[PDB]
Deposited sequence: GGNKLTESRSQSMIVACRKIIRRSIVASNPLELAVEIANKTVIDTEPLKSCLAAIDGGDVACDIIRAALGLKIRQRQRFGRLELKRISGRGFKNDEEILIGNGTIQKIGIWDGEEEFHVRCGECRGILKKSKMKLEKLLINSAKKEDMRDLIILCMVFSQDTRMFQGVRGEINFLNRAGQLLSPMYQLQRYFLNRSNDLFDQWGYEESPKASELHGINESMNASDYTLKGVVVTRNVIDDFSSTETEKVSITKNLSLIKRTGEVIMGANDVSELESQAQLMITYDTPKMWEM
C-alpha cells in the first residue's frame, strides 16, 4: 500500500514531461497504471452518482480577485456519494449551489479536505467570491491548471478565506446530527449546508493519462494524483 502508491506516482511524474512513456517505464495513480496496461475523481475527492443528471455549459464567471474566468458550469439537481481519505459523505447540489453535505467524523485533514473539495466541486457562487490572490498555477509538469483545479489548489491551501465567505448557520437538533465549525470541531453553529452524522454512511485512456468512459466524460487524470 505505502510502497505501491509511491511507486505509481513516480512513474506518472516522469511520463507527463505521455501515455507511451508511462507504459514503457511500467513494463489514484495506480488506477491509471492498471487502465494503461489492461469512480469520478476531483483531486482527493471521489464521487459516485446517487441521483439526478448534470450538463456542462461554458460561462464567463467573475471571481473574487476581479478576473473573469471561462468555466464549465454544471446544471442540474444532483446527489453524489463522496469520499476523501477516511471521510465519507453525501453531497446534494445544483447549478452553482451546494445545498447539503452530510458527512461522518474522520481525522480533521480528511474532513476539511472533503468539505473544501465539495465546496469547490459545487461551483457555489460564494466559493468563487472567496478567491483573493492569484490562482494561475503551473503544475509540476509546467502545465497551467484548468480553472476548477486552480480553485481546488487555492482553497485547499487557504481554507480560512473560504469558510468566512461561506458563512454559518444554526446546527441541526436531531439526535444523530451535529454541526461542524471552521476548526472541524463539533459546534452549535455549522458551515452552511454541512452537518455531521453519527450514523455510519455506507461504503460505495487518453495520450495525456486521462481515463475516459464510453460516452466521453473523463473520470480521472494526471491532475488528480
property: Chain regions without C-alpha coordinates, deposited sequence numbering; result: 1 to 9, 27 to 29, 40 to 59, 71 to 75, 242 to 250, 272 to 292
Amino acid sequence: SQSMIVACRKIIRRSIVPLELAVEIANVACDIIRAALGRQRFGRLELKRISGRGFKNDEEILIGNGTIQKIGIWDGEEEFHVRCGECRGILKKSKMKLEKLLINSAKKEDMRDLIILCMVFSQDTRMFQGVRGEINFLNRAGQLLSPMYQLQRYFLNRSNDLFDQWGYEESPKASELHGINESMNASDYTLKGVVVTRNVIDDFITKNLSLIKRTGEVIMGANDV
From here on, numbers count along this sequence of modelled residues.
query: Selected stretch [higher average CA B-factor]: 115 to 123 or 102 to 110; finding: 102 to 110
query: Comparing 44 to 52 with 195 to 203, the one whose average Cα B-factor in the PDB entry is higher; finding: 195 to 203
query: Member of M184, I63, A174, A29 with the greatest C-alpha B factor (per the PDB record); finding: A29
query: Ranked C-alpha temperature factor of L156 among modelled chain residues, by third; finding: middle
